[PDB]
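Engineer:
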Amino acid sequence: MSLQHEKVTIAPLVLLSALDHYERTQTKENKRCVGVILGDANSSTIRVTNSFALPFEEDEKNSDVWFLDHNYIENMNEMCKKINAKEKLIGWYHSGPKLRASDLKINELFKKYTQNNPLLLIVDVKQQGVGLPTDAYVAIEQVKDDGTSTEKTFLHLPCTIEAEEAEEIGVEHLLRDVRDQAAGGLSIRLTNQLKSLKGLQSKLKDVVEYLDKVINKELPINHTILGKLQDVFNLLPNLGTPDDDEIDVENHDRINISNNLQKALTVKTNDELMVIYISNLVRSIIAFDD
Amino acid sequence: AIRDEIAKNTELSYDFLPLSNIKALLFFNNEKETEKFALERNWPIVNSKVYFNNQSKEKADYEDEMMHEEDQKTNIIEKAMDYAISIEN
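Chains U and T supply the protein sequences, listed in that same order.
Using PDB author numbering, you'd call the opening residue of the first sequence number 1 and step up by one each time.
Using PDB author numbering, you'd call the opening residue of the second sequence number 184 and step up by one each time.
#1: Just the chain T side, please: which residues come within less than 8 Å of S258/U by C-beta, in chain order?
#2: Who pairs with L89/U in a beta bridge, going by DSSP?
#3: Decide if the stretch 53-64 of chain U is in contact with the stretch 136-151 of chain U; the criterion is three or more beta carbon pairs, one per stretch, under 8 Å apart.
#4: So, is the C-beta of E246/T closer than 8 Å to a C-beta in chain U?
#5: So the beta strand (DSSP E) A136/U belongs to, where does it begin and stop?
#6: Indicate the three-state DSSP secondary structure (helix, strand or coil) for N259/U in the structure shown.
#7: By Cβ distance below 6 Å, which residues in the same chain neighbour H223/U in space, the five residues on each side in sequence not counted?
#8: Does the count of Cβ pairs from the stretch 152-170 of chain U and the stretch 12-24 of chain U closer than 8 Å reach three?
#9: Candidates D145/U, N84/U and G96/U: which alpha carbon is nearest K28/U's?
#10: Please report whether the beta-carbon of residue 178/T lies at a distance below 8 Å from any beta-carbon of chain U.
#11: For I259/T, go through chain U and note every residue whose CB falls closer than 9 Å to its CB, in chain order.
#12: Look at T49/U and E87/U and say whether their C-beta atoms are less than 8 Å apart.
#13: According to DSSP, is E57/U helix, strand or coil?
#14: Quick one: measure Cβ to Cβ for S2/U and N116/U, integer angstroms, because I've assumed they're closer than 8 Å.
#15: How many Å lie between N30/U and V214/U at the Cα?
#16: So, at 8 Å on beta carbons, what are the nonlocal neighbours of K144/U in its own chain, with the 5 sequence-adjacent residues on each side left out?
#17: With distance defined between alpha-carbon atoms, name the residue in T257/T, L209/T and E218/T nearest to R186/T.
#18: Touching or not, the stretch 224-239 of chain T and the stretch 190-199 of chain T, by the rule of three or more beta carbon pairs under 8 Å?
#19: Return no unless some Cβ of chain T is closer than 8 Å to the Cβ of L190/U.
#20: Can you give me the start and stop residues for the beta strand (DSSP E) that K7/U sits inside?
#21: List the residues of chain T that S187/U touches, going by C-beta distances under 7 Å, in chain order.
#22: Leaving out the 5 sequence neighbours to the left and right, which residues in its chain are closer than 7 Å to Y22/U when beta-carbon positions are compared?
#23: Assuming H70/U is part of the beta strand (DSSP E), what are its boundary residues?
#24: Which residue from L19/U, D40/U and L121/U puts its Cα closest to that of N84/U?
#25: Taking the alpha-carbon positions, what's the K111/U to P118/U distance?
The following block contains the structure:
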């Protein structure tokens with residue numbers, strides 16, 4: 001067991017593999033599919049290559065009662081090496097829609113397998129979100145400074161992708177959309193700007209009702225969020241500084257280059273005005289002769 | 184009319200005039216008469232000295248108030264938005 005954790009990069013294969021696995025067990029309709037999740041671990045970024053289904057039963061009146069075939073997994077791992085001998089156990093995926101409080105007990109059982117603290121990778125099977133439709137958590141046990149005992153609790157790790165040469169080209173090979181959520185032409189990036197601005201608007205709004213809910217829905221004082229909230233205020237911009245004036249002087253600069261680049265285009269288009277007219281001049285004679 | 188024109192000019196021209204000096208520019212022979220025009224022309228003479236900087240503020244404020252105002256100032260954002268749609272049109 002390593003605590004070596006910072007990030008989670010996710011193969012596109014995992015997301016998709018887990019989406020089908022959910023519907024082919026047919027534990028769906030508010031019934032969970034839980035499988036093993038395979039990849040590299042013992043490094044800061046946890047690198048998730050593959051996933052398999054596990055036979056699983058979910059009591060839906062009580063999510064605190066489930067079936068897990070422990071034997072099977074040992075059987076499966078031998079097969080994982082055939083595929084790739086860097087695949088080892090690193091956790092188990094959950095099928096969303098989000099984190100639950102029945103997940104800690106399931107996490108327990110998954111400590112007899114992993115050499116790293118069992119990963120919980122929430123693969124949303126509905127595709128909600130404003131980034132990748134994945135959240136990542138890992139269970140870490142830590143004292144709480146409020147006065148209560150040692151809990152095991154899920155801290156989020158960011159979600160990310162990285163991919164192999166074969167996988168990445170396969171992605172484009174399947175796909176055929178030119179994509180307004182990545183860069184491209186001018187119009188394509190204009191779509192990204194408006195979204196990013198609205199993305200700040202959506203997320204800042206979420207903090208306003210979270211501060212209110214601690215004192216008007218009686219959520220607890222969570223020190224870990226609010227310390228980060230304070231460092232936003234320290235790094236926040238100001239006004240009337242010579243720093244903020246230098247910005248204006250740099251606005252002048254770059255727009256002037258654009259001004260001259262635009263004017264440069266216009267020279268070129270006025271020559272094509274003139275060339276077509278040379279094309280017009282010839283066509284006059286031919287018209288007279290016929 | 185000559186009085187009004189001068190009263191348009193004096194805002195930029197000075198910031199302080201003593202009351203004997205205001206009288207001189209506005210072609211008054213009576214110091215009382217100067218004080219009487221100031222009420223009507225909205226000049227604040229306080230302790231026998233005028234404050235053109237205040238008057239300037241009020242008139243500027245009125246000009247900011249009216250709808251002209253996005254492209255009167257011309258926003259940093261607004262400039263680039265113009266450029267953007269032209270190249271794609």
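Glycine included, C-beta positions come from ideal geometry on N, C-alpha and C.
Structural biologist: In brief:
#1: The residue labelled residue 258/U in the question sits at position 258 within the first sequence. In chain order: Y266.
#2: On the first sequence, residue 89/U is found 89 positions in, with the first residue counted as 1. DSSP lists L38/U as partners of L89/U.
#3: When Cβ pairs closer than 8 Å are counted between the two stretches, the stretch 53-64 of chain U is seen not to touch the stretch 136-151 of chain U, the count staying below three.
#4: Residue mapping note: residue 246/T aligns to position 63 of the second sequence, counting from 1. Chain U, which has no Cβ nearer than 8 Å to the Cβ of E246/T, makes this no.
#5: Residue mapping note: residue 136/U aligns to position 136 of the first sequence, counting from 1. Per DSSP, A136/U is one residue of the beta strand (DSSP E) stretching across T134 to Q142.
#6: Taking the first sequence and counting its residues from 1, the one referred to as residue 259/U is at position 259. Residue state, collapsed to three classes: helix.
#7: What you label residue 223/U is simply residue 223 of the first sequence in a count that begins at 1. Scanning its chain for C-beta atoms nearer than 6 Å, with the 5 sequence neighbours on each side dropped, one finds no residue around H223/U.
#8: Three or more beta-carbon pairs separated by less than 8 Å link the stretch 152-170 of chain U to the stretch 12-24 of chain U, which places the two stretches in contact.
#9: Within the first sequence, residue 28/U is the residue found at index 28, counting from 1. Comparing C-alpha distances from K28/U to each of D145/U, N84/U and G96/U shows the shortest one belongs to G96/U.
#10: Lying before the first or after the last residue shown, residue 178/T is absent from chain T, which here runs from 184 to 272.
#11: Sequence index remark: in the second sequence, residue 259/T carries index 76 (1-based). Neighbours of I259/T across chain U, judged by C-beta separation under 9 Å: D248 and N251.
#12: Residue 49/U sits at position 49 when you count from the first residue of the first sequence. Residue 87/U sits at position 87 when you count from the first residue of the first sequence. Pairing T49/U with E87/U gives a Cβ-Cβ distance under 8 Å.
#13: Walking along the first sequence from the start, residue 57/U turns up at place 57. Correct three-state label for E57/U: strand.
#14: Along the first sequence, read from residue 1 onward, the residue named residue 2/U stands at position 2. Along the first sequence, read from residue 1 onward, the residue named residue 116/U stands at position 116. Contact between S2/U and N116/U is confirmed by a C-beta separation of about 5 Å, below the 8 Å threshold.
#15: In the first sequence, counting from the first residue as 1, residue 30/U sits at position 30. In the first sequence, counting from the first residue as 1, residue 214/U sits at position 214. Taking C-alpha positions only, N30/U is separated from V214/U by approximately 29 Å.
#16: Your numbering for residue 144/U matches position 144 in the first sequence. These residues qualify, in order along the chain: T150 and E151.
#17: In the second sequence, the residue the question calls residue 186/T occupies position 3. Considering only alpha carbons, the answer is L209/T.
#18: Below 8 Å, enough C-beta pairs join the stretch 224-239 of chain T and the stretch 190-199 of chain T to call them touching: three or more.
#19: Residue mapping note: residue 190/U aligns to position 190 of the first sequence, counting from 1. Using a Cβ-Cβ cut-off of 8 Å, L190/U counts as an interface residue toward chain T, since at least one Cβ of chain T sits closer than that to its own.
#20: Position 7 of the first sequence, counting from 1, holds the residue named residue 7/U. Looking at the DSSP string, the run of the beta strand (DSSP E) that includes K7/U is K7 to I10.
#21: Walking along the first sequence from the start, residue 187/U turns up at place 187. Against chain T, a Cβ distance below 7 Å from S187/U picks out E271.
#22: Counted from its first residue, the first sequence places residue 22/U at position 22. Once the five neighbours on either side are set aside, the close Cβ partners of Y22/U are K28, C33, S95 and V125.
#23: For the purposes of this step, residue 70/U is taken as the residue at position 70 of the first sequence. It is not in any beta strand (DSSP E) - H70/U instead sits in the alpha helix (DSSP H) that spans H70 to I83.
#24: Along the first sequence, read from residue 1 onward, the residue named residue 84/U stands at position 84. Nearest option by C-alpha distance: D40/U.
#25: Taking the first residue of the first sequence as position 1, residue 111/U is located at position 111. Taking the first residue of the first sequence as position 1, residue 118/U is located at position 118. So the two alpha carbons sit approximately 7 Å from each other.
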